[PDB]
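Heads up, the chain below is alone and in the form deposited in one PDB entry; it's given as structure tokens.
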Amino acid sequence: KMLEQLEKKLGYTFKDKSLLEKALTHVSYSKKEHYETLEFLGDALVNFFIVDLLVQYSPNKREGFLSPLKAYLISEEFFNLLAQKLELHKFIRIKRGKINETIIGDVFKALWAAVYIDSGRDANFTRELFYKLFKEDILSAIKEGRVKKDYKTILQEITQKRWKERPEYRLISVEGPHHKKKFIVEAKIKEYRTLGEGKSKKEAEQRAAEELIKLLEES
């Protein structure tokens, strides 16, 4: 009966229960009816609900000031934040031990793609219920100026957490002429190394740090 518990937590009641459930079903539970298709529509939806809220309550309206914020606002970390409010995780139907933050976030999106559709695709209405429940935390995030931590910083905290050691960004080359230069640095921790390329030294490093983070997720 958890079906009619999450609804009384959203402030809406699905006229089509199968749809709601579907947006909560992971492919590893029903290969024929999972939230994949919905997550796709949810992403587009929620992004619009946020951006409209960002260009509206932001102290600065220049793209260069909004982009950085939006990155956070539509980031997985944040969707889990909002999803957490709904206690969403304990409402997902998935095989024991496969659930994570990426799935939650996904489900969170597909959830609203569900409401939107189940209400006859009433953008305006679906948007309101979204704010009713989340507008506050969004305006707070924007006020606080929350932003996505850069890769170089993330890599450092990761490698320091594990091996109490920082990375080392050795410079290996430069191609393009003074007009349009291209750097190639080697990010390295222990014996793992990735390569980054970009306009400036810092830029390249970020590239390398990002790729090196991936390389460290499986190890």
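Note that residue numbering follows the sequence shown and begins at 1. The term rigid core refers to the most C-alpha atoms you can superpose between the two forms while keeping them within 1.5 Å.
K.L.:
Looking at the entry, does 52-60 or 176-184 show the higher mean C-alpha B-factor?
P.N.:
According to the PDB entry, the answer is 176-184.
K.L.:
Regarding 30-38 and 158-166, which shows the higher C-alpha temperature factor on average in the entry?
P.N.:
Per the PDB record, 30-38.
K.L.:
Just grab whichever of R96, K148, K109, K132 has the top CA B-factor as deposited.
P.N.:
Of the options given, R96 has the highest CA B-factor in the PDB entry.
K.L.:
Taking the Cα B-factors listed in the entry, which of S75, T126, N100, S140 comes out highest?
P.N.:
Result of the comparison over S75, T126, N100, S140: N100.
K.L.:
Which third of the chain does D118 land in by C-alpha B-factor: lowest, middle or highest?
P.N.:
Ranked within chain, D118 CA B lands in the middle tercile.
K.L.:
Of the three thirds of its chain by CA temperature factor, lowest, middle or highest, which one includes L10?
P.N.:
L10: CA B-factor falls in the highest third of its chain.
K.L.:
When the modelled residues of the chain are sorted by Cα temperature factor, does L216 land in the lowest, middle or highest third?
P.N.:
Its C-alpha B-factor, which the entry lists for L216, ranks in the middle third among residues of this chain.
K.L.:
By its CA B factor, does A71 count among the lowest, middle or highest third of the modelled residues in the chain?
P.N.:
It belongs to the lowest third of the chain when residues are ordered by C-alpha B-factor.
Just so it is clear, the following notes concern the form deposited in another entry, a form of the same protein that is not shown.
K.L.:
Does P68 move its CA by 2 angstroms or more between the shown form and the other one when the core is aligned?
P.N.:
Shift at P68: below 2 Å after core fit.
K.L.:
Cα of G42 displaced 2 Å or more between the shown form and the other one, core superposed?
P.N.:
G42: C-alpha displaced by less than 2 Å between the shown form and the other one.
K.L.:
Just to spell it out: taking the C-alpha atom of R62 and the C-alpha atom of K201, is that distance smaller or larger in the other form than in the structure shown here, given it changes by 3 Å or more?
P.N.:
Closer in the other form, by 3 Å or more.
K.L.:
How does the C-alpha distance between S200 and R62 change in the other form compared with the present structure, closer or farther, given a change of 3 angstroms or more?
P.N.:
Relative to the displayed form, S200 and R62 draw closer in the other form - a change of at least 3 Å between their C-alphas.
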